[PDB]
Every structure is written in structure tokens, then in C-alpha cells.
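Here is the structure we will look at, set down as C-alpha cells.
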Amino acid sequence: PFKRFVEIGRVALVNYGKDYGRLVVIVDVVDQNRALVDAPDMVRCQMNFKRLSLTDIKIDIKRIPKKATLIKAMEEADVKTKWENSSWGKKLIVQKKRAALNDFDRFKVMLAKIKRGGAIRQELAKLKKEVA
Amino acid sequence: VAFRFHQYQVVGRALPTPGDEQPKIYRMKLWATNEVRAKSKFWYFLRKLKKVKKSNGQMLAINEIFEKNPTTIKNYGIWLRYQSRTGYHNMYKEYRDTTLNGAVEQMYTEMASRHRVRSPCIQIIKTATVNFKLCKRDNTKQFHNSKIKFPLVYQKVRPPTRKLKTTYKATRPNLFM
Amino acid sequence: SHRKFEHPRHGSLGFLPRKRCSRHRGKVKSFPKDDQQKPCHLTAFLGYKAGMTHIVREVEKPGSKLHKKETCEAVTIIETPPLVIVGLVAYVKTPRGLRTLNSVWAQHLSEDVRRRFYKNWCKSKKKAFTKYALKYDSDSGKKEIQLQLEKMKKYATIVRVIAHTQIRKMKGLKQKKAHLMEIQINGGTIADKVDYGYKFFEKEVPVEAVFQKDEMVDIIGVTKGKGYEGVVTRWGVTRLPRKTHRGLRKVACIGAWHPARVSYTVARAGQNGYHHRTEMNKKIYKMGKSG
Amino acid sequence: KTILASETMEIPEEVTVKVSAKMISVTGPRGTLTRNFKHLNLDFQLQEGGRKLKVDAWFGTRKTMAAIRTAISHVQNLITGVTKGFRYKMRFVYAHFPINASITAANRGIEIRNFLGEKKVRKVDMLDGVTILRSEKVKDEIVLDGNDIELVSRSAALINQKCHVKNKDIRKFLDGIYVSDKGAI
Amino acid sequence: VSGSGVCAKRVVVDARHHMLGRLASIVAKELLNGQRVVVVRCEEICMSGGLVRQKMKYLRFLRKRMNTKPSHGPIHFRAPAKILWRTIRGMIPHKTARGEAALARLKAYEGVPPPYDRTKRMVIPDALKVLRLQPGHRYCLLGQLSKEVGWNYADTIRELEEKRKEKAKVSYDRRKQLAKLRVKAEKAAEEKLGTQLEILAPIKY
RNA sequence: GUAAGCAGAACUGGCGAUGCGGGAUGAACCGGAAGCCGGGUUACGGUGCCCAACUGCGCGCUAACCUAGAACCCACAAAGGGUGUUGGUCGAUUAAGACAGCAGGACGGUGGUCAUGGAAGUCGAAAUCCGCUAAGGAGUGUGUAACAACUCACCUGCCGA
RNA sequence: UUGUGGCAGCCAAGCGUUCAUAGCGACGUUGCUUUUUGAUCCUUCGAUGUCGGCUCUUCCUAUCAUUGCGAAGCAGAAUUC
RNA sequence: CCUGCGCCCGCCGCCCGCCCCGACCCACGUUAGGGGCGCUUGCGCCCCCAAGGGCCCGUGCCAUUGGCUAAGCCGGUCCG
Ligand SMILES: [Mg+2]
Ligand SMILES: [Mg+2]
Ligand SMILES: [Mg+2]
Ligand SMILES: [Mg+2]
Ligand SMILES: [Mg+2]
Ligand SMILES: [Mg+2]
Ligand SMILES: [Mg+2]
Ligand SMILES: [Mg+2]
Ligand SMILES: [Mg+2]
Ligand SMILES: [Mg+2]
Ligand SMILES: [Mg+2]
Ligand SMILES: [Mg+2]
Ligand SMILES: [Mg+2]
Ligand SMILES: [Mg+2]
Ligand SMILES: [Mg+2]
Ligand SMILES: [Mg+2]
Ligand SMILES: [Mg+2]
């Protein structure tokens, strides 16, 4: 068995191009290579399956929804916040934030992990000596 | 973005002669990559069908036809005449695309692929939007199925941009469909 | 331009280059494949060709015309006094091939075998192994020698004994410098092989413990040397007519115009004899043991 | 080009099928049979708790869709070999010279003699699952039985092609050992 | 292919299930660019087209020899590491000083000898079989070709790898335990420090 | 002239007389013609390595157990084949049961016949109707010198797509 | 270059006591080869020693025998593709 | 075996020459699948995309004058 399918209502990441990082909803499949994808911020358009990545989220719709019906069903299944808090969808968000640390921020993080690094080692020494 | 091909109405007639101050006006729907190539192909058919050459003729109007509903999926039929290495043939095709411009681009591609036929050798007789329930080809029909579901059996492994390209990697790529 | 009449090629291309051997002692280029269920035996000796003579025997071979008849046969006598085992060598399998892991020598080495390590024995100090000998008289030294045995038992895939001849017992050989070689131990485990070899250091091996009666053996050695020889005797090509200008004993054509080179297959003049050879299935007719 | 091609087979309830990556191990009263299907590029899945084995080909061609029923056909032979087993039969066919078949050891080989009056002795061992026994009831038969239909069939074929007639017109010298009944017991 | 651009002292590449030609092409440009490459497990390199095509290709190669002096002729290597080295040499200008220097920077081995077993082994995605070959198209292993053309050290390479792979797996388990107690340490320290680590919460994954 | 990197003509251009970029290499093939330099951009041709430039973005076709195939000139391959595979065109059969496979089945005016030493059909075999029916040629070989049934096209039973 | 020389295909009227294709293959037609000759005159006339044999080696396959097979107008023996 | 006036080894006194600039990091295996963790030993849980990660006073004019110093970490050296 597989755990991800191209189908109606499946939400898929756009994993290549100028539009990298957006969630879209597959609303109809044109052929074996091209999908028709609609997201509430964009004009429904056909995209290739090579430029997408199927996620784990699904929403409960008909073929070719109406934008209002699409916007509704996204929130009813809570698409955005699920993507944002799961590990796959959080890796994207942090990797953006890590990019936006200015120099002084990178210094104060550099201070934080040196202190945290010391905590771990002295914590880890006490367990290593307590257990034999 | 741009479509490689565009649909044009081209309108033209013979030159007014000392008789026939109102020669008859002809129109076609043509496919070409710009207006200039559209006008040139108009005068091709009108020399060999209606016996009016560009020299003795006159160009009246040229307009681009666009798709009314680009956001929806239409089925399409194309009736085409082509030349092989040993003669001429008629061929019919089904395509699925959101615009008829997209449908034509696939057709030229599959003719150059499945038959090694070049664009200067194909004449499009008739184009249509064959509604489903009447599509003939089996490839087009298997997509006329709500509850359509299939996996991605081929999936490209590639960074979002070349900025993140490396040559070496610690672990093997992790793939599952 | 095909040759008019055909005949097989003269000489064998399989024994090239026909150069002088780089060795005086024959080299064992392959040992019998090992059979771990056999007991630990040796696989080779060093003998000295004494001469030839002939027997007359009577045959038993049903179906042959010689059945119940006599026959006369040439035989060669090889004098094979006992070997003396002085050392042990271990081998380990590596991706490139076989490799010597380590080696242990006996405490006492005769003057004959120690002559093997010098090119002028008499004016040297005869120091070879004079310090390795002291490893046998201190408990730290004995510890090493014993530890080296453990290493062979632990990792070796092949074990060989070092043995020398008692060259001094053949006075007809005006030689004092013994011949030394490695002889592989087949059979038994590596632990069995190391025990068999070390247990039997400084001692003598008769030819009986290795070869038996009526068994087939290969004989290895270097053939007689004949100096620089022309093509007729070296390769066996035919002589040319009597009336040839510049000589009969040659090869008339040494190649075609193309390739514009002389090929390695054509017969040339050069060294004849003193070549390494392995000769198979020489049968053993009689073992002669003193006493 | 076909989106989905799939076939299903039922699994009898006195045997148990354990498909791992594409290793279909089958176990039942007679023994265990295993086979490697890693070469197929299909999708195997037990459904209803082992009572059906449903095999899948996504976007296959005609050549690739040909594999579905072969794998299905194979797994049947693994099922039926573990309940009933397989048993081939061979007749001895000869014109003048009787052929003297003799077992090698514990029904694990045969030793065939006098075939076309030749002095040579023909040696052939049975493969792992196969035992061979001369038929007690029929004039000149040897009966091969085992779990794996393929190992039984190779043993039958081994004995047939080891009695080929050479040098002679085989439209008249029909002598040999041939497969009579190829059924499944 | 321009080059990695890396400042490593060397790059060890585990060539298992790479494509010989694609791997050789990547490695060749790296050597020209001044980098040093170690390639291990060359017995595991893959070649598209089955064993039969590759055997035929190699036996056509055995035919090529200088008729008048075969020892001078083309030198046909059997070991996979030497098969890899000659394929790379084909992709380098090896008759110049620059190409001689490039080939010096390459070491190729069958299996994973020391010290490269306790070193991290990188993979080249551009040449991996999973990404370059369509499942259902014939291929063979460079170890398999060598076995059938006269390489007599297949088994010794196999013996050595099993002992290494076993020796590496217990190390896997030893780090597996050490990873878990360190993880529990992570929590236990990160609760000892409260707000003091607040700056790390939005940049962690 | 069978032809030839052969012989002889017509128009134009090239080489000869000319370097330079590409065609791996070449007098006349493609681009393009030139003082000695800096910077920019192109043509032909290319962008996995050799080798400057993407292992770039797309869609199909090909799997070679013959050295698969891969550069205008240009360094060939033909007539003829393939149940390899992929697309088309013209027809057909199909729930009124199609194709395959398995068969009880092919019977009655009828050997009126056709061979007066042989044949509703069966060494052979001119040839046209009719009786039955969901139905079956007064049978090209179903093989019995000859009335016996399975194996053709023609309908039935079995199958259900 | 390939007329001529040599080898090989396709179609199938007939032979093969009946049967086009076991083995053949007329009238036609498509090729390959470069040990012939012819055609040409590009290289060499301030010189590349010009028949044959002898000697020696190597290479090709369009396979005569030897190994393993397939077909037959193959009973066996022999013979043929 | 290892040059009787020839050489070898070990410690510190360093001075050049050389490389480098954080020149830090070991699972196997497959990819029509796999990984970590608990308990039926298979089931649950969570994770699967790239080292795009982790680690490291990572912060002193290749690095100021002196003293002191936990716990922790890194080097040399001793032994096993
Ligand atoms: Mg000659
Ligand atoms: Mg000859
Ligand atoms: Mg002689
Ligand atoms: Mg004279
Ligand atoms: Mg480049
Ligand atoms: Mg001139
Ligand atoms: Mg410039
Ligand atoms: Mg075709
Ligand atoms: Mg000719
Ligand atoms: Mg001719
Ligand atoms: Mg001339
Ligand atoms: Mg001339
Ligand atoms: Mg001349
Ligand atoms: Mg001269
Ligand atoms: Mg001259
Ligand atoms: Mg000359
Ligand atoms: Mg041949």
C-alpha cells in the first residue's frame, strides 16, 4: 500500500519554481502528467505533477469547486495550521526565519546555544556517571 | 504565459478588377506562432483552394481568438491532414487541455514524436471541443471519471532552485510513492 | 598470397621469453589445494639428480601386449637426504593477494643454512641470527616467540615451513651452502598446522613422510644450459637448401611487409637451455632408505 | 498508459500467506514455499486479513500488465503445492531394449541403464523438493512428487533430455522417457 | 559540470549503486579542479545494459592488442578499481602534465579499507541508480563483470566486507544507546533553562 | 559511359592566391573574409567528461541475446520480411450471446446423382434446390478398399464479456 | 568503379514416380564482394628491384574435416540442406 | 645483519621549510518503500525530505600584564 495519492481534494506543496512554498488543492487532473490546482489566493491553473509534492492533508470537496466553497472547506479541515505545525511544513517556515536573522540576532543565538551546549554536556555527564 | 501557437481569423479577398468591384470575401481560422506567419499561411490556402494569389489579393482583417474559459478543462478533437515519407494521410486526435491553444501544441508534439512529422507538413482541417460522453480515444476516456485516484510513480528529485545544488550528499535520497 | 602449403608452427609460444631463469633452485609456483580433514603433511622436497640407469620389470596391465611380459625402462635417481625445518611462515588473505604476516625461526641454525645468507661467508663475522638467537634465553624474548605463534594460529590462512638441505652429506657436490625453501603444510586446521610445524623445528624430515611408493609427482628445476643458439636448434625450424648465399641455418622470411615490424611469434636466435620447467606425472618406482 | 490494472486471488483458510517487500512466503499443511518477486515492479497487498492477495500495476503498459496474471498464476501454484502438492508421471517407451531404471538413494535420484542398448549409465539427481519412485502398478513408470511445481517439472525435464536419441531418425527411434500425466497430487 | 567548490582535504565517495559513466564524469572534473577523491566499494558500481551486453563489450576489448608485441598493447585490467580508474582516465587528458597530476589525486578501492571505514562516505546524487535508471531496465554490478572476466579476488572482498559490516553494526547500536540518553539530557537541560533559551524557539526543527 | 575521386559542355560562386570560427581530422562544406590593441555582442556550431557553456525545463518513441543509436557535404546499404512496440484508416461480430477453448453434436428428398467392378459426405469428386430449426454446402482433406464419430463454414449445447 | 569475374537474396511457372518451396528453381528482379579482368590516369619516371617456387608467420570465413546441434523423399549404413 | 670512529634512538632549546585557515561528523539496506520508540513480537505511536542537518568559546591584534579556578570539554603524555 501507498500513503499519498493524486486525487480530488488532495493538497500538495509546490516544490519547484518561482512559486516555491505554497499549498494548492488538486481540483481536477488533466492527464497523467498535468493537474489543475486551485488555492484561495491564486487563479486556478494547470500544473505539472513534477513540480508538486503530495502532502498528508485532504479536504472533502467535489470536482472543480467554487472559490467560496474552496475557501470554506480549507478552513473546515484547517489546512493551513496543520501544515504549519507539522514537522514537514515547519521545516519550510523555520528555514525562512533562519534566513532572516540579522547579524546581531545571529550573535544572540550564538550566545544561546553555547549556554545550551554547556547545559547538555554537564547534564549528560551526570547521567553517564549515575548509570553504570 | 505565452502560448507557442495562436488562433487567428484572417479575412481577405481578390483585388477589385474593372469588373467585380465587389469580389467575394473569405475567412479562415488559422494556427501560427504570430500574425506574420498567420498571414503567410492564409495566402497559402487561398492560392491553392480559391485560386487567389497574394499578389492579386488584398488583406482585410486579422484577429486573435482566445479561450473563453481558460480555468476549466475541455476535451478536444483535431482533424488533421499530414504527409508521411510515402504519401498523405488523414488523422484524428483527442486531447485534454484548459485552452485550445494548449491542445494544438500537444498535437504538433505528438506528430513529431509518434510519426516524425514536421509542422510544415501538417494541415489542420477541423478543430472542435468534443464534449465528454462522445470522446473516442481510450486515453481521453479514462480521465472522464470522478473518484480519479492514482499515485505518482515517477517523481523528480531536485532542489527548489539551483542555489541549493551540491555535488555530494551525506545520505541517499529518500523516496516513496 | 596465402601460403601454398600449410604446416604447424615451429616451437611453442607458451614458454616465452626463452631467457635464462632468474633462479637456480626450482620454484614451486603452486601447491596442492588444501583438504582440512587430512592430517598435517608436507608437500615438497629438495633433491639432487644423481644419475640414470635402467630397470627391467614385469607388467600387469590386462589388455596390453605387455601383459605378463617384461619391459626395460630408464629411471633417474634423486638423492634426497632428510630436510631440516628451521622456521615457520604464516600467510593472510588480502585484497591484493597473499601476504606474509609473520615468521618464527628456530634457535639453532647450522653453519650450512646460515651460509645461505652471505655472499662471502669466510670474511664476514657470521653474525646472522646471532641476536635473534637471544630471544630464546630471556623470558621476555620467549614471550615474543610464543606470542608470534599465537598470531599465526589466530589469523593465518596458510602456513609454510622453512627447510634447508643437508648439502654437506653429498661430498660429490662441492657445496657447503645449503639450499633453503618454503614448503606448505596441507591438512589440519591452522592451529593444527602451526603445532605441526613448530613442534618439529630443528629436526629432520625423511622423504618417506611426504612421498610414497607408486605415486605420481611433479619435478621442478632449471634445464641444462647451452649458450647462445641459432634458430635451427633453438626453435626447430628446417634448414634451407645447400646453395643459399649467406647461410643455411636461418629463417628465410621473418615477416610480411605489413605490419612493418617483426612479430614476437617469429623464431629468433638467443639463449637455449637454463630455463625453468615444471614436468608432471613422473612416477615413483622405488624409495631407498639408508639402513 | 493504463492508470490502474489489478487482479485479485482468494486464499484458502488452511494456508497462510505472508507477503513482505515482494517476498511471498506461503505456509500450509504440506510445507513452506517462498519465491522472489522483486523483479516485477507491482504492488501486492493482502486484504480481508490474508484471505485475498490483490496485486496492482499503476500506469503500466501491455508488457507490464502481462505480469499481473503471471504473478497471480504463480501464487496459485504456491498455494496448491502446499495443500495437495504436485506429481508428474513418466512412461518408459522402448522398442527392443528394456531400460533399467534404478533409484540412487532414498528416492533422491535415478540411474537408467540399457537405453538403446548403450553400456553408458545415466545419472540424474532430484532437486530439493522432489522424490522419485518407480510405479508399483504400471508397466514402466516413474512418479515424481513434491511441493514446488517448478522443481518437479525440471526433474521431469532432466530425465527426458538425458535420454535423447542421437545419430538416428527420431521419427522411428521413438525411444525415451516422456511425461504422461502432469497433474497436481 | 563545473565542480563541487569544496575545501575538504579529500572526499570519500561510496560508489555503491552509482552509474560508472556518470560517476566517472563527476569525479573526473573534480580531479581536474584540484580536488582529491577516494572512491570505495567499486565492486558495487552499476552499469546500464545487462551483464550480457557488458560482457560482450569487455570481450571486444580483450581482442585489442598490438599484434607484434601484446605486452606493449592495450592493458586489460580485471579488478573493478582498475576498471573505474581507466574509465576515469578516458575522461581526463592523461597525456599532459595536468592530467597526470589529476590522476594522482584519485584513489580507488574494492571494499572499504582502513582508514576509510571510520570516515563519512558521501554519495553523488547525479549518478545514483535510483535517480538515473528506470526500474525495469537491465543493469549489472561492476563486481559481477569482473568475476566473469578473470578477477580472482571477488571472494576475499566479500569475506572482508561481512566482517566490516558486522563490526560497523555494533557501532550503530552503541551510538543508538548514546543518542537516546543524550536526547533525554536535551529535555532535562532545556527545562533547567526556561525563558533563557527563548531566542531559539522560532528557529528550531 | 554500367559506372568512376571518369571524360566533355552551360550559368554563378569558390579554391588556386586566404589566414580566421565550426564540420574530431580535410583546398574549394557551413559561418565569415583580416592593420596592432581594450571592452561589449554575435554567425555557423554547440552546453556529461575530454572541452568554454544546463547532467536545465517539457512531451512522446526506442530496449538492440547484430559493436542499439547518435554531424549538411560524409564516408551506403536494397528488394523483401517480423504476432517487437506505438499511433492511425477502412470494414466487421457483439447480450438477438461475440472471440477463444471443449464437445453430445453436421440429420432428412439424398449413392434420384457424379465411377454399370466403388462415394446423403468420407482414391475421387460437374455443382442447385430444398424438409427440420437457436440449425447445420445432394460436403476441398472428417479416414472406414466401402453406411462408423471429434477436429471446415455452416447453426446448437458450455462459457458471460 | 564493378560492366566482367565470385558469392548471395526475393517472387514462384515447373521438376521432384502424386507434392511450387525435403532438395531444386525457369521467365523476371534486389544486393554484396574486391583473390580477376575491363574502365580511369590520382600517387611514383634525379628508380618503390617486375613471374614462380622455397622458407616463415600471421590474419579472414564465403566451414573441407574435426566438436555440438536443427531438416530430409533420415529404416539402418551412407549422403544432402 | 645492521659500518670502533661510522651510525641509531629518546627528552627539551628552538629556528627555519611544508600544508591549512572550523581544512569537525563510520550504519547496513531499498526507493512498487523505509526510519526511530514502546509493548502481542507483531501491533500501535511518531517521522520520511535531501548534510537544505547536526557539532564546536563559534567570539582574544594566530591572539595584553599577573593571580586564581568548581563542574564540564579538548589536547599531549603514562599505562591498560
Ligand atoms: Mg604466398
Ligand atoms: Mg590455406
Ligand atoms: Mg629436441
Ligand atoms: Mg649463389
Ligand atoms: Mg565545462
Ligand atoms: Mg599555380
Ligand atoms: Mg573581443
Ligand atoms: Mg510496425
Ligand atoms: Mg560486380
Ligand atoms: Mg557480374
Ligand atoms: Mg597522373
Ligand atoms: Mg597509373
Ligand atoms: Mg617510375
Ligand atoms: Mg631504391
Ligand atoms: Mg623516389
Ligand atoms: Mg624497398
Ligand atoms: Mg559464419
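Chain labels run A, B, ... following the order of the C-alpha cells; each chain numbers its residues from 1, and ligands are numbered from 1 in the order shown.
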Residues near residue 23 in chain F, cut-off 12 Å, only C-alpha atoms (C1' of nucleotides), skip fewer than 3 positions along chain, as a ChimeraX atom specification: /F:26,29-31,44-46,71-74
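Residue neighbourhood of residue 113 in chain D, excluding near-sequence residues (fewer than 4 positions): residues 98, 99, 100, 101, 102, 117, 118, 119, 120, 121 and 122 of chain D, at 9 Å, using only C-alpha atoms (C1' of nucleotides).
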Next, dump the selected residues to file, keeping only N, CA and C atoms, as a PDB file, in the first residue's frame.
```pdb
ATOM      1  N   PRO D  98      14.835 -53.054 -23.207  1.00  0.00           N
ATOM      2  CA  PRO D  98      14.296 -52.508 -21.962  1.00  0.00           C
ATOM      3  C   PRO D  98      15.284 -51.542 -21.331  1.00  0.00           C
ATOM      4  N   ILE D  99      14.755 -50.495 -20.709  1.00  0.00           N
ATOM      5  CA  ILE D  99      15.566 -49.560 -19.944  1.00  0.00           C
ATOM      6  C   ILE D  99      15.403 -49.904 -18.474  1.00  0.00           C
ATOM      7  N   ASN D 100      16.512 -49.970 -17.758  1.00  0.00           N
ATOM      8  CA  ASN D 100      16.523 -50.460 -16.386  1.00  0.00           C
ATOM      9  C   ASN D 100      16.730 -49.280 -15.450  1.00  0.00           C
ATOM     10  N   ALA D 101      15.632 -48.695 -14.992  1.00  0.00           N
ATOM     11  CA  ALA D 101      15.692 -47.593 -14.048  1.00  0.00           C
ATOM     12  C   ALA D 101      15.888 -48.131 -12.639  1.00  0.00           C
ATOM     13  N   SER D 102      16.857 -47.562 -11.931  1.00  0.00           N
ATOM     14  CA  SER D 102      17.137 -47.927 -10.555  1.00  0.00           C
ATOM     15  C   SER D 102      17.378 -46.661  -9.752  1.00  0.00           C
ATOM     16  N   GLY D 117      20.381 -50.044 -25.669  1.00  0.00           N
ATOM     17  CA  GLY D 117      21.462 -50.997 -25.550  1.00  0.00           C
ATOM     18  C   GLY D 117      22.820 -50.382 -25.294  1.00  0.00           C
ATOM     19  N   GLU D 118      22.864 -49.102 -24.945  1.00  0.00           N
ATOM     20  CA  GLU D 118      24.142 -48.472 -24.654  1.00  0.00           C
ATOM     21  C   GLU D 118      24.670 -48.947 -23.311  1.00  0.00           C
ATOM     22  N   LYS D 119      25.988 -49.102 -23.223  1.00  0.00           N
ATOM     23  CA  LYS D 119      26.606 -49.510 -21.972  1.00  0.00           C
ATOM     24  C   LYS D 119      26.700 -48.365 -20.979  1.00  0.00           C
ATOM     25  N   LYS D 120      26.642 -47.125 -21.457  1.00  0.00           N
ATOM     26  CA  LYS D 120      26.758 -45.958 -20.596  1.00  0.00           C
ATOM     27  C   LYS D 120      25.621 -45.927 -19.580  1.00  0.00           C
ATOM     28  N   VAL D 121      25.916 -45.381 -18.406  1.00  0.00           N
ATOM     29  CA  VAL D 121      24.965 -45.289 -17.308  1.00  0.00           C
ATOM     30  C   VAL D 121      24.567 -43.830 -17.144  1.00  0.00           C
ATOM     31  N   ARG D 122      23.269 -43.578 -17.018  1.00  0.00           N
ATOM     32  CA  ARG D 122      22.745 -42.221 -16.949  1.00  0.00           C
ATOM     33  C   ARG D 122      22.426 -41.848 -15.507  1.00  0.00           C
TER      34      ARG D 122
END
```
Interface residues on chain H facing chain A, 8 Å, only C-alpha atoms (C1' of nucleotides), written as a PyMOL selection string: chain H and resi 49+57-58+71-72
Contacts of ligand 10, 9 Å or closer, only C-alpha atoms (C1' of nucleotides) and all ligand atoms, given as a list in words: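 I would give the residues around ligand 10 as residues 2, 3, 4, 5 and 6 of chain G.
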Using only C-alpha atoms (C1' of nucleotides) and all ligand atoms, which residues of the polymer chains come no farther than 10 Å from ligand 17? I'd like the answer as a list in words.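 The residues near ligand 17 are residues 61, 62 and 63 of chain G.
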Residues within 12 Å of residue 109 in chain F, only C-alpha atoms (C1' of nucleotides), excluding chain neighbours under 6 positions, as a ChimeraX atom specification: /F:120,129-131,138
Selection above as a file: N, CA, C and O atoms (P, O5', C5', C4', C3', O3' and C1' of nucleotides), as a PDB file, in the first residue's frame:
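Listing of result-v5.pdb after writing:
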```pdb
ATOM      1  P     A F 120     -22.374 -39.966 -52.102  1.00  0.00           P
ATOM      2  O5'   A F 120     -23.341 -40.148 -50.848  1.00  0.00           O
ATOM      3  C5'   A F 120     -23.454 -39.140 -49.857  1.00  0.00           C
ATOM      4  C4'   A F 120     -24.825 -38.514 -49.854  1.00  0.00           C
ATOM      5  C3'   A F 120     -24.938 -37.134 -49.241  1.00  0.00           C
ATOM      6  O3'   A F 120     -24.430 -36.089 -50.044  1.00  0.00           O
ATOM      7  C1'   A F 120     -26.726 -38.452 -48.485  1.00  0.00           C
ATOM      8  P     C F 129     -30.706 -22.216 -57.257  1.00  0.00           P
ATOM      9  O5'   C F 129     -31.621 -22.413 -55.964  1.00  0.00           O
ATOM     10  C5'   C F 129     -31.372 -23.469 -55.044  1.00  0.00           C
ATOM     11  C4'   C F 129     -32.363 -24.592 -55.222  1.00  0.00           C
ATOM     12  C3'   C F 129     -33.466 -24.701 -54.187  1.00  0.00           C
ATOM     13  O3'   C F 129     -34.480 -23.726 -54.302  1.00  0.00           O
ATOM     14  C1'   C F 129     -32.610 -26.839 -54.610  1.00  0.00           C
ATOM     15  P     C F 130     -35.101 -23.095 -52.963  1.00  0.00           P
ATOM     16  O5'   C F 130     -36.467 -23.898 -52.766  1.00  0.00           O
ATOM     17  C5'   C F 130     -36.739 -24.612 -51.564  1.00  0.00           C
ATOM     18  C4'   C F 130     -36.506 -26.096 -51.720  1.00  0.00           C
ATOM     19  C3'   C F 130     -37.195 -26.983 -50.696  1.00  0.00           C
ATOM     20  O3'   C F 130     -38.553 -27.229 -51.001  1.00  0.00           O
ATOM     21  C1'   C F 130     -34.943 -27.648 -50.904  1.00  0.00           C
ATOM     22  P     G F 131     -39.591 -27.541 -49.817  1.00  0.00           P
ATOM     23  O5'   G F 131     -38.720 -28.327 -48.736  1.00  0.00           O
ATOM     24  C5'   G F 131     -38.559 -27.833 -47.413  1.00  0.00           C
ATOM     25  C4'   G F 131     -38.862 -28.903 -46.398  1.00  0.00           C
ATOM     26  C3'   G F 131     -38.647 -28.552 -44.934  1.00  0.00           C
ATOM     27  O3'   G F 131     -39.692 -27.771 -44.378  1.00  0.00           O
ATOM     28  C1'   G F 131     -37.707 -30.660 -45.362  1.00  0.00           C
ATOM     29  P     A F 138     -27.031 -29.114 -49.062  1.00  0.00           P
ATOM     30  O5'   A F 138     -26.499 -29.592 -50.490  1.00  0.00           O
ATOM     31  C5'   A F 138     -27.235 -30.531 -51.271  1.00  0.00           C
ATOM     32  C4'   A F 138     -26.515 -31.851 -51.391  1.00  0.00           C
ATOM     33  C3'   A F 138     -25.490 -31.934 -52.522  1.00  0.00           C
ATOM     34  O3'   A F 138     -24.330 -32.646 -52.098  1.00  0.00           O
ATOM     35  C1'   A F 138     -27.103 -33.657 -52.766  1.00  0.00           C
TER      36        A F 138
END
```
Mind checking which residues fall within 12 Å of residue 108 in chain A, counting only C-alpha atoms (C1' of nucleotides), ignoring those fewer than 5 positions away in the same chain, and posting them as number ranges by chain? A: 101-103, 113-115; E: 196-200; H: 58-59
Within 10 Å of chain F, which residues of chain A show up when using only C-alpha atoms (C1' of nucleotides), listed as a VMD selection string? chain A and resid 17 33 48
